[PDB]
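Okay, structure first, notes after.
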Amino acid sequence: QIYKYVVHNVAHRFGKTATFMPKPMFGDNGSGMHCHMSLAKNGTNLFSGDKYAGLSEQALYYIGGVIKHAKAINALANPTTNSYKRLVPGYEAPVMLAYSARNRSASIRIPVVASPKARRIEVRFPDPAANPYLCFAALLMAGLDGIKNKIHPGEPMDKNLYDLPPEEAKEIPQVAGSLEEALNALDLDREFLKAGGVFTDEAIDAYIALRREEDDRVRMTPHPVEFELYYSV
Amino acid sequence: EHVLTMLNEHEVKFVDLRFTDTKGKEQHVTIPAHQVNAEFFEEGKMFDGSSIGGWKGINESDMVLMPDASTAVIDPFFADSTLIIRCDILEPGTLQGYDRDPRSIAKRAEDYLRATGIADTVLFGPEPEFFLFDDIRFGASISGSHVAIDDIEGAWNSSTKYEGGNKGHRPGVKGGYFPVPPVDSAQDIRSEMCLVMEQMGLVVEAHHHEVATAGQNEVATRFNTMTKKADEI
């Protein structure tokens, strides 16, 4: 919040205007908000271990949780219709629900670092439009539910992204493809969030209602491109 | 003789002598109809060779324009009745056919065909395509260079403000293949081209808009023997 405040105001003072929108331009990079995470107890990093890339089995369950509830997390980590203009079948699009220490097609990167004290995971699909609080919280709760229920990740994807592959039609896990879809996922897959009484149904339903109103403006208003495509129909 | 009757039948005031240079560009010079006599056909008219690019140099300027009476056709654009007569370029005295005259060269090639006895006639059916614009600007000097194209059909004009309003039915990029008018703005013009082409001896097979936005078009004409077809081009 402070970060955004500083950015917005320093820009204003310099005669500029800053935006954290995820995709202001078609044809060039969008803005993302990768989230590096790790857990700890009494000063030790609960994510370092002997498993893949220096990870603990706890980290893997966490990842499994994030992957299981990705579409619902999307409703908080990519809360705008615009968010989905960044998350589109592109090469570097962090849309494949998988982990890897290299494949930057994977929405979950595993930083390769020396000190086990710095072992962690990087969830790449979030964007800056996300509510800090709710986005971070949803990421945690999904991780915990991944642990409590020992949800195994499966094996790491080290092949390639969304295009070629295209072998087995490459329908592996993916993040929500639209805001509505994400909101719907959040609707159905809300249990992991209600755990511990953190998120109430009322809160969740209210959030969804706020965003559906936004989703509607975009769905109902003619798009400039529609004229290019259909004016001469 | 057919020519001398066409002169009276159409009350011709001028005769436009035409020929092509090495680059392929049709050239012309005009003489009053009253300058057309018996001599004209047997010995042609004299002109400066050194004036055309890539032709005679410093010493041997003068050459002969030999009217080819088979090519006589009325010009449909000139204000005063004028008859067009294509000419070959002959070496003076020898009256042979200039080595560098493209029409002579093409005739020589048709001759050589018959000579080898491989065949007695060659058939050519070329399909030239072209563009129709409203504005074409370009230049190049020490401080820069540029080219600007503009046409009412150009897709880029979907956003242009027009005096009487933008009526916007334009062929998109690579989208010119056959939308009926008003998307295709050149029906009337393609047909005038057809009618006129036929008034000039060509035989039209079809006309249509081509693929590109911004006025690509095509008039398809019936094949003919090689040299007569180049004349037709």
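The way I read the labels, and the way they are meant: chains A, B, ... in the order of the structure tokens, residue 1 as the first residue of every chain, and ligand 1 as the first ligand shown, with later ones counted on from there.
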- Item | Proximal residues of chain B relative to chain A (only C-alpha atoms; 10 Å) as a list in words | residues 155, 158, 168, 169, 170, 171, 172, 179, 182 and 183 of chain B
- Which neighbours of residue 87 of chain A fall inside 10 Å, counting only C-alpha atoms, when residues of the same chain fewer than 6 positions from it are skipped, and could you give them as a list in words?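 Neighbouring residues, sequence-local ones excluded: residues 22, 23, 30, 32, 78, 93, 94, 95, 96, 125, 126, 127, 175, 176, 177 and 178 of chain A.
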- Which of these, B:124, B:112, B:78, B:41, has the shortest distance to residue 14 of chain B once you count only C-alpha atoms?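 Closest residue, counting only C-alpha atoms: B:78.
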- Message: Please list as a PyMOL selection string every residue within 10 Å of residue 130 of chain B, counting only C-alpha atoms and excluding residues in the same chain fewer than 5 positions away.
- Response: chain B and resi 209-210+215-219
- May I have the residues within 9 Å of residue 204 of chain A as a count of residues only, using only C-alpha atoms and disregarding those fewer than 3 positions away in the same chain? 9
- Best match for closeness to residue 18 of chain B among B:149, B:95, B:196, B:69, counting only C-alpha atoms: B:69
- Message: Quick check for you: according to DSSP on this backbone, which residues of segment 74-144 of chain B are classed as helix (DSSP H, G or I)? Reply as a ChimeraX atom specification.
- Response: /B:102-116
- Near residue 3 of chain A, counting only C-alpha atoms, which residues have an atom at most 12 Å away, once you skip same-chain residues fewer than 3 positions from it, shown as a PyMOL selection string? chain A and resi 6-10+18+20+128+132
- Excluding segment 41-48 of chain A and residues on its chain fewer than 5 positions from it, collect all residues at most 10 Å away from it, counting only C-alpha atoms, and give them as an MDAnalysis selection string. chainID A and resid 53:60 62 115:121
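Across the structure, atom CA of residue 23 of chain B and atom CA of residue 228 of chain B are spaced 18.2 Å apart.
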- Message: List as an MDAnalysis selection string the protein and nucleic acid residues near residue 1 of chain B, meaning an atom at most 12 Å away when only C-alpha atoms are counted, but skip any in the same chain fewer than 5 places from it.
- Response: chainID B and resid 6:8 36:38 41 69:70 72
Export of prior selection with N, CA, C and O atoms as a compact mmCIF listing (two decimals), in the first residue's frame:
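As written to disk, result33.txt reads:
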# COMPACT_ATOMS: atom_id res chain seq x y z
N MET B 6 -9.50 5.39 -91.33
CA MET B 6 -9.80 5.64 -89.91
C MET B 6 -9.61 7.12 -89.63
O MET B 6 -10.30 7.69 -88.79
N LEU B 7 -8.68 7.74 -90.37
CA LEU B 7 -8.42 9.16 -90.23
C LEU B 7 -9.62 10.00 -90.63
O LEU B 7 -9.90 11.03 -90.01
N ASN B 8 -10.32 9.56 -91.67
CA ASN B 8 -11.50 10.28 -92.14
C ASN B 8 -12.77 9.95 -91.38
O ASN B 8 -13.59 10.82 -91.10
N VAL B 36 0.59 12.57 -92.22
CA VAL B 36 0.52 11.15 -92.56
C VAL B 36 0.28 10.98 -94.05
O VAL B 36 -0.80 11.28 -94.57
N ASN B 37 1.30 10.46 -94.72
CA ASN B 37 1.27 10.25 -96.16
C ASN B 37 1.83 8.88 -96.48
O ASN B 37 2.08 8.08 -95.57
N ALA B 38 2.00 8.60 -97.76
CA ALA B 38 2.53 7.32 -98.20
C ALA B 38 3.94 7.10 -97.66
O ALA B 38 4.25 6.00 -97.18
N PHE B 41 4.60 5.62 -93.95
CA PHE B 41 4.59 4.18 -93.73
C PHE B 41 5.77 3.39 -94.23
O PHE B 41 6.11 2.36 -93.63
N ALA B 69 1.17 -0.07 -88.89
CA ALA B 69 -0.22 0.16 -89.23
C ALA B 69 -1.25 -0.79 -88.63
O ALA B 69 -2.44 -0.48 -88.61
N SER B 70 -0.80 -1.94 -88.15
CA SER B 70 -1.74 -2.89 -87.57
C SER B 70 -2.22 -2.46 -86.18
O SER B 70 -3.29 -2.87 -85.72
N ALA B 72 -3.09 0.67 -85.14
CA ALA B 72 -3.93 1.86 -85.08
C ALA B 72 -5.18 1.76 -84.20
O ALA B 72 -6.05 0.91 -84.40
- Message: To one decimal place in Å, what is the distance between atom CA of residue 21 of chain A and atom CA of residue 89 of chain A?
- Response: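 These atoms are spaced 19.0 Å apart.
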